[PDB]
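**Student:** My questions all concern the structure below.
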Amino acid sequence: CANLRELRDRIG
Amino acid sequence: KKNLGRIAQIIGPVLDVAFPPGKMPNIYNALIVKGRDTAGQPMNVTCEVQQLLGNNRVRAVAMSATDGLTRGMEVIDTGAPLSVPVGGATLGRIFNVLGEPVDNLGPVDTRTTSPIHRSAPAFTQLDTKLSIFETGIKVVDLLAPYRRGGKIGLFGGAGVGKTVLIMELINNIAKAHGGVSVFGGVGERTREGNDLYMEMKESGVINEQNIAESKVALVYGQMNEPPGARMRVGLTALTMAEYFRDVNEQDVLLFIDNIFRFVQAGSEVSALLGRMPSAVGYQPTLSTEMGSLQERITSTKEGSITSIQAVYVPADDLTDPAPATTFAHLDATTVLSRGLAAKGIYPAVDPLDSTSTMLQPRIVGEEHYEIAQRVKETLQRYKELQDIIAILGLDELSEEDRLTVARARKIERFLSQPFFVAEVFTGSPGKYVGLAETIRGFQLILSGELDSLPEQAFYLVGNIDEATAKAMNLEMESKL
Amino acid sequence: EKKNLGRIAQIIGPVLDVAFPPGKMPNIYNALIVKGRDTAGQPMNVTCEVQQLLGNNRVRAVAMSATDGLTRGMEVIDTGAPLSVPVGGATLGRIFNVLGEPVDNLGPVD
Amino acid sequence: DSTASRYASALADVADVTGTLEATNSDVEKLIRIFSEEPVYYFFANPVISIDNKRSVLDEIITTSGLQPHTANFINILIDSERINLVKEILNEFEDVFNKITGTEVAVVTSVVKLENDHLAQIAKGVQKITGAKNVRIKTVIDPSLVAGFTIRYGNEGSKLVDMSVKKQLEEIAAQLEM
Amino acid sequence: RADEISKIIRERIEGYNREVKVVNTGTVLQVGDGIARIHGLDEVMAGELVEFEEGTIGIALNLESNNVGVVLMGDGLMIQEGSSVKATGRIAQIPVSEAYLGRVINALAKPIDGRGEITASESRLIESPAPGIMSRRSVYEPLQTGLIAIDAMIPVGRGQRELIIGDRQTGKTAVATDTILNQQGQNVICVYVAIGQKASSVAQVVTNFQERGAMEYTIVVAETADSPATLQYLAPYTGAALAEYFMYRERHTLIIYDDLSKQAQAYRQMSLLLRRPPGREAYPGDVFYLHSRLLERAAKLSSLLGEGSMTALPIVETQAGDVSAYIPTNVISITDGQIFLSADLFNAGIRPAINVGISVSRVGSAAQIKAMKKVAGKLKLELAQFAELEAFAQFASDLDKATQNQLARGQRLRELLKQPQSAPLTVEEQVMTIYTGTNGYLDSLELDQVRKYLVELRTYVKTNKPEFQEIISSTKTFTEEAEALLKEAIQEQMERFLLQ
Amino acid sequence: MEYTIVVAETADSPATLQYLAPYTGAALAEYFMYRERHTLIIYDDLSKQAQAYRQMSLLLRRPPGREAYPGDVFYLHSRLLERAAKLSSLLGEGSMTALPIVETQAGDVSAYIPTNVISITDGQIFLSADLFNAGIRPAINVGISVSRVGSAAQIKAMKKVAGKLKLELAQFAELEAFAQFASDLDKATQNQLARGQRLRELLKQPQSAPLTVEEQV
Amino acid sequence: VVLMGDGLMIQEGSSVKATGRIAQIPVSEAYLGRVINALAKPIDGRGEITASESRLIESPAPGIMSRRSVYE
Amino acid sequence: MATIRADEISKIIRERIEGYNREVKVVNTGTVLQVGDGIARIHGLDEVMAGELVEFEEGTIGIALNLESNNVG
Ligand SMILES: Nc1ncnc2c1ncn2[C@@H]1O[C@H](COP(=O)(O)OP(=O)(O)OP(=O)(O)O)[C@@H](O)[C@H]1O
Ligand SMILES: Nc1ncnc2c1ncn2[C@@H]1O[C@H](COP(=O)(O)OP(=O)(O)O)[C@@H](O)[C@H]1O
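Residue numbers (the deposited numbering), protein chains in the order written: chain A, 41 to 52; chain B, 17 to 496; chain C, 16 to 125; chain D, 72 to 250; chain E, 5 to 504; chain F, 219 to 435; chain G, 74 to 145; chain H, 1 to 73.
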């Protein structure tokens, strides 16, 4: 999550 | 009663009573044990009734310490589900979850007891006369105004805020407030609550020479408890508030620390209650008793309960189900993002997610509303351009975006506040601000009048006139 | 098939479990019609399929339609075979349910 | 199907293969008071006891109980197949499976008055009208918590109910409140 | 007076006739804060309510071999566990009639405003099956919602099932109530349920309704977090039965399910407490069964069954801006359209937020009115053009006119998309708005004053051309003299406003 | 050696020792606390302690909580770190200073145990693998590590000189990170960045170097 | 119950003997410099440190009011 | 195995309780029972090897994997 939300940020 | 209970299986902090099969008490009833200790048997530990396992064995969690207990040791039943002595007697004393004073003074009268489990108030009796109270902290006052009588949501990681904020909030609004207060200390550090009690002594709001002058009562479920106490000290603070709402008919501001401690104590015990694990690992019955605790706190035409909940989101994982429920429970939410105070923008409230439902222009004085929407748009522009400023350099983008980045950088640095207890981290004295003062300040900033000053001039500022004083000080010290 | 009348033992939602006498037990994937005791007075029957034996003359099926309004311990009839759906060349232009009974109020198919 | 009811049906199976269903019911009735007196039941449960001592005192019991040899075999097999911690529940649970495979059924009458033989026979006839057993045994208890008369709990052990008692006044209060 | 009450007492105790029928009964094994298990009940059906000894009513879910689990519809204090409980035989109906309009209730549909007892004669099964495909029809009637883009880009029709999956605390309840207030005009009885909100929020919302006059024709079934799990588990079912029943009385209806995520959360809570073995993401396997049986109950009728219209507009909010969470991916797998009301799109200032990216409609444009096609196809094209070529705006200064003018029109259309909180703007307010937007009769204006330009525009023309109002309401089709009068009013109003 | 005490516990020695030995350190702590002398304690390798607790707990079929650890580990480490404190002079200023170390999972502090123990303790202090990797010995992830006690547990001279230098270092790290992709930085910003790197050099210690308080003043 | 000594020699059938006391490690002076492992066993060939307090391994936290404000 | 084992079907437990200390074992015969996903819980067969092929009435074959207390899984 904490990565996966941050990975969503990175993707965007 | 006459049901001399017997203890059967001690499973960590969860235990059980063998009963005579005729007569058993009901849920949430008190169960006081005839415990022993290191010498003699003057040991008395209570137990709360959750559920009863069919054939004369029940499930019950002890509040106090679960050590030194034998199987077949007798327990005593009450029939009164934990009637806790809350009246005018409680003022200024640190109390236990057993309704016991810990501040080594005399025990007060227990005439005003009331059970900790009860009915939530009805729907229709519900005072909705919507108006804001002010604090004097710009980043919540300008952005997310605090509804008087509602609830306040303070979410943050461990070490981003949430403590000096609540200390400054009691320091301002308690002496601003004619009604009494309650601080529940549910599973915070024992040192910080001790220091709060010392601060309270120094402020004179207690006047520890006098009980009846003291405008607050204290309950500390510290970390030494077995979690049976940690799940009930919250409702002890609740019933302390509830007597002040109903029986005292006066408005009470309510200060609670982390409810995430409370629900994770529930998560700790639901495995051993004979229930099962849940979604990600908490207790299953999360939102039920969570909303019980919530909807037992409201304002119902007899007194006003404004309330501040310092719920700790673990490690900034916002997908967590209990703060997800509390999100819909609350009224004014402020997430305290760690990346801000990592850059040292004390206090670190995010200007993006944070809001209230009090953002009605028809309640906030529409120029204020225009200001807030304008500055939130500005910060949104900054955070979205954060991706490419570390790639394209500072001056690839257009010149409107240039001054946008500059002015937004200045306003986000202007989001500071030197609090009156922040001095153990700054050393600069604490500073109090207005509301229309800040409105004029933010309009004069974002309109772009002093949009040439050094970026450090607007830092740790009371207001913009203080910033102009620091600006002239900075342009003295820069050349020399 | 025959009168293999067993009690509906255990119902947890759409999972329903049916007991049996120890003589005949149905096979796996075997269609079993429950003479569905409906609230409407008529026996609105429901079907099911067992992909799990229990060994103890007890089956583990789920029902295609809603199992609401079904009590514990109704009787049951097996098909002795999987779902014999009346398909063929004559079934043109018609709308079907899962078990193949026509549903678009144009009467029955062959 | 309880774990106990598996062996209860086993006892039903041996009462099937012989004709001593009443004798094995009297034997399990002796056994329920044998496995009364909680030190006795605890000693035979008591999972650290040496098993040969268990079987030798068990043979002493079988010598003194006066059981049929198949229900004598039953205690030994419940020892060896280790399920000794629910044996009193097995002795209880033999009752209804014996009741069913025998062909009768059981109910309870709870009146204010001790109901006589003709009245209890008419009530058993109405029970066989609503259930259809063979030699339906309805024991009773005469409890003064009621007001008027007979209540029946029949079918299963406590399943379904009819009554003419204090219900006629309490539900009268319920059907007077009418909210 | 009191003696008349005594004679009412007399007529009721003569109405007591000693009915002798059979009642299933059993004893309380264990209660567990929501779960209760009793044994000795066979003839209870699935999903049936029973009544306990103390007066607390409970419903049965799993009919296990040994015992039977019953879950509680109230406060589980006075449970005695050794006491006897009895059965009822009913399938948890709720009584129903017209008089609920403006009333608020618990999940049992029993009143809580204290505004008297709702005079309910008829009743309905809660677990009713959906109407069949043969009773289902297509969609012709447009649903109105008042908002520009969602009147425009994904339109909604009376009968279909649109869904909004905006994230945490960004404006879903707002736009839901704006649809409600936009239905001030027609005869449609919207159905509002609020689940898992605080009572103060829903009281604030219904007082907003009291101000706007929605309380003459609305209905609120609000089941806050105080209630036990089963009440919020079956409350949208009760709202659905209300909707379907009143649809069978030939009326036009829509529904606002609030937080089916809270519904599903309550369901997995009580079910996992009931030892239903958990499935994906700890939700049990039949959560899709729940949501399908709730949502696809809503449909469009047969026009010989009365031609009532039922439109499902539910709300699910998702943890921290996700698509791939469980129940959101379920409900997008089940329902027709979707709408993404994203947080940063709100915080950017678009009032309110609509992603017009992945927002797709299965029905597409088939439910819009005939004038809406003419005013909207060019809008769809222009929005695709700005959403694609948008990033050149940072040097649209340098770019040519064909992208430059088009980008300027696109961004001022994005400014046109801005609309305030709760401004009921029906079809004639917006067809002129989108018309001058797509005709470029305002592109000389700069990038802020267009909102006051547009409100002065629509006020003046709404006072000035009642014949335009009439030919909108009658034709639902842009005739050329309508567009002529439109451009005339545009020139006059633009002249006056330019001169200020 | 005369004033240090080791209570050693390796791994192959069985799990009961690995559970209870930190509480034996707590027992020594409690005794020397009530003998009123100042005494510190350095708990170390708490991930090993929680791991051995996970072993002994799961081997007695307590159904474990989140990520297969048992739930009472919060209650465990609270029951540990609530012991060490400073008594008042009424009981006689018996102090106990505790410094636990916890192995974060391979540079990641978002794992299970460090969240819990950060919520337990007052102050955190991060060792950046990045800054030690670049050679800043020893590496303090400045700005992200605070003390809940604040400067009130500093000497008066330190507040008197430099009580904002945590904040000011945070400010400099912010401005430098923003100014790396800059082009035309002002002499004000130049002096800020250069003096900040001077302070970066001031955060350099030769190892095992004893320092006095005035020696840092 | 959980072993402290990986009990190879611990054998079935052996009765266990009760003590009736919580874990109380003996603590005094002469601890200053020595190394035990949770059992008051100086494991460096030291000898024996006598002790008389033997406070409880699990003990309640000190009193909250008697906690000092941290100044030093 | 803890709550329910599959060595307590009524037929095998009656076959057990028809005699306590009695004649030879059903070393190559028994009753198949509780057929899961190719998982056969047959009672008896106290001479079957570890990894032993077993043949059935359908003509399907099976392989011994877990020779348990009383059944063979
Ligand atoms: N068109 C609008 N213009 C200005 N502000 C708006 C508009 N729509 C919504 N808001 C503001 O946004 C805030 C959040 O909206 P809202 O409470 O509807 O979010 P929500 O997610 O629906 O709430 P919940 O979480 O209860 O579902 C509201 O306080 C409202 O004032
Ligand atoms: N506004 C502020 N001014 C100075 N220091 C702050 C401020 N906000 C937070 N801090 C620092 O961050 C810490 C956050 O408070 P803390 O006690 O960690 O509460 P929590 O654990 O609930 O976040 C404080 O100890 C303080 O050192």
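For every residue, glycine included, the Cβ atom is placed at its ideal position computed from N, Cα and C.
(1) Which residue spans inside the segment 154-189 of chain D form an unbroken beta strand (DSSP E) run of at least 3?
(2) Taking the Cβ atom as the reference point for each residue, do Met-79 of chain B and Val-124 of chain B lie within a distance shorter than 8 Å?
(3) So within the segment 212-247 of chain B, which uninterrupted alpha helix (DSSP H) runs reach at least 4 residues, ignoring any that extend past its ends?
(4) Measuring alpha carbon to alpha carbon, tell me which of F:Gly-310, F:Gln-423, F:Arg-279, F:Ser-337 ends up nearest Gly-136 of chain G.
(5) By the 10 Å Cβ neighbour count, where 16 or more other Cβ atoms means buried, how is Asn-71 of chain C classified, buried or exposed?
(6) Below 8 Å, how does it come out for the segment 200-212 of chain D and the segment 170-180 of chain D: are there three or more Cβ pairs, yes or no?
(7) Check whether the Cβ of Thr-3 of chain H sits closer than 7 Å to any heavy atom of ligand 1, and report yes or no.
(8) Which of the three DSSP states is assigned to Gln-389 of chain F in this structure?
(9) Using a beta-carbon distance below 8 Å, is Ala-134 of chain G in contact with chain B?
(10) Against chain C, with Cβ distances strictly below 8 Å, would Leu-67 of chain E count as a contact?
(11) Check each residue of the segment 321-333 of chain F: if its Cβ is closer than 7 Å to any Cβ of chain B, include it; give the result in chain order.
(12) Hey, is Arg-14 of chain H's beta-carbon within less than 8 Å of any beta-carbon in chain D?
(13) Note down, in chain order, every chain F residue with its Cβ under 7 Å from the Cβ of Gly-78 of chain G.
(14) Determine whether the beta carbon atoms of residue 498 of chain B and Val-221 of chain B lie at a separation below 8 Å.
(15) Heavy atom of ligand 1 less than 7 Å from the Cβ of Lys-167 of chain B, yes or no?
(16) Does the Cβ of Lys-456 of chain E have 16 or more other Cβ atoms within 10 Å, making it buried, or fewer, making it exposed?
(17) In terms of alpha-carbon separation, which member of B:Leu-401, B:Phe-435, B:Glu-204, B:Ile-361 lies closest to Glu-184 of chain B?
(18) Using a Cβ-Cβ distance under 8 Å, would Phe-430 of chain B count as near chain F?
(19) So what does DSSP say about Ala-338 of chain B, is it helix, strand or coil?
(20) Count the other C-beta atoms from every protein chain shown that fall within 10 angstroms of the C-beta of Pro-161 of chain B, then say buried if there are 16 or more, exposed otherwise.
(21) For the segment 234-265 of chain B, enumerate the residues whose C-beta is nearer than 8 Å to any C-beta of chain F, in chain order.
(22) Would you check whether ligand 1 has a heavy atom nearer than 7 Å to the C-beta of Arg-355 of chain E?
(23) Examine the Cβ distances between the segment 418-431 of chain B and the segment 389-409 of chain B and report whether three or more of them are shorter than 8 Å.
(24) Can you pull the DSSP bridge partners for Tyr-225 of chain D?
(25) So if I threshold CB-CB distances at 9 Å, which residues from the segment 62-85 of chain B count as touching chain G?
(26) Going by the C-beta, is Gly-172 of chain B closer than 7 Å to any heavy atom of ligand 2?
(27) Chain H partners of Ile-148 of chain D, CB-CB under 7 Å?
(28) How about the segment 383-394 of chain F and the segment 358-371 of chain F: do they share at least three Cβ pairs that are nearer than 8 Å?
(29) Check for me: the alpha helix (DSSP H) holding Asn-144 of chain D runs from which residue to which?
(30) Look at the Cβ atom of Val-224 of chain E, then the Cβ atom of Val-335 of chain E, and state whether they are nearer than 8 Å.
(31) Are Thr-437 of chain E and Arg-462 of chain E close, meaning C-beta to C-beta below 8 Å?
(32) Using only the alpha-carbon positions, how far apart do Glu-102 of chain G and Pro-232 of chain F sit?
(33) Using a Cβ-Cβ cut-off of 8 Å, state whether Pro-37 of chain C counts as contacting chain H.
(34) Put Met-89 of chain B into one of helix, strand or coil per three-state DSSP.
**Tutor:** Taking the structure as given:
(1) Runs found: 177-182.
(2) No, they are not a contact pair.
(3) 243-246
(4) Checking every option, the nearest Cα to that of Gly-136 of chain G belongs to F:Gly-310.
(5) buried
(6) yes
(7) no
(8) helix
(9) Yes, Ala-134 of chain G lies at the interface with chain B (some Cβ there is under 8 Å from its Cβ).
(10) Chain C, which has a Cβ nearer than 8 Å to the Cβ of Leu-67 of chain E, makes this yes.
(11) Shown in chain order are the members of the segment 321-333 of chain F whose Cβ falls below 7 Å from a Cβ of chain B: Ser-328, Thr-333.
(12) yes
(13) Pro-232
(14) Since the displayed chain B opens at 17 and closes at 496, residue 498 of chain B lies outside it and no answer follows.
(15) Not one heavy atom of ligand 1 lies closer than 7 Å to the C-beta of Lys-167 of chain B.
(16) exposed
(17) The residue from B:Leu-401, B:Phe-435, B:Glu-204, B:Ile-361 with its alpha-carbon nearest to that of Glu-184 of chain B is B:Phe-435.
(18) Output row for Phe-430 of chain B: interface = no.
(19) helix
(20) buried
(21) Going along the segment 234-265 of chain B in chain order, one finds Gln-238, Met-239, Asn-240, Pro-242, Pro-243 with a Cβ nearer than 8 Å to chain F.
(22) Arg-355 of chain E Cβ: within cutoff of ligand 1.
(23) yes
(24) D:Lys-231
(25) Along the segment 62-85 of chain B, going in chain order, the ones with a CB nearer than 9 Å to a CB of chain G are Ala-81, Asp-83, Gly-84.
(26) yes
(27) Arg-16, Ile-17, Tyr-20
(28) yes
(29) 140-151
(30) no
(31) yes
(32) 28 Å
(33) So yes, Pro-37 of chain C belongs to the interface.
(34) coil
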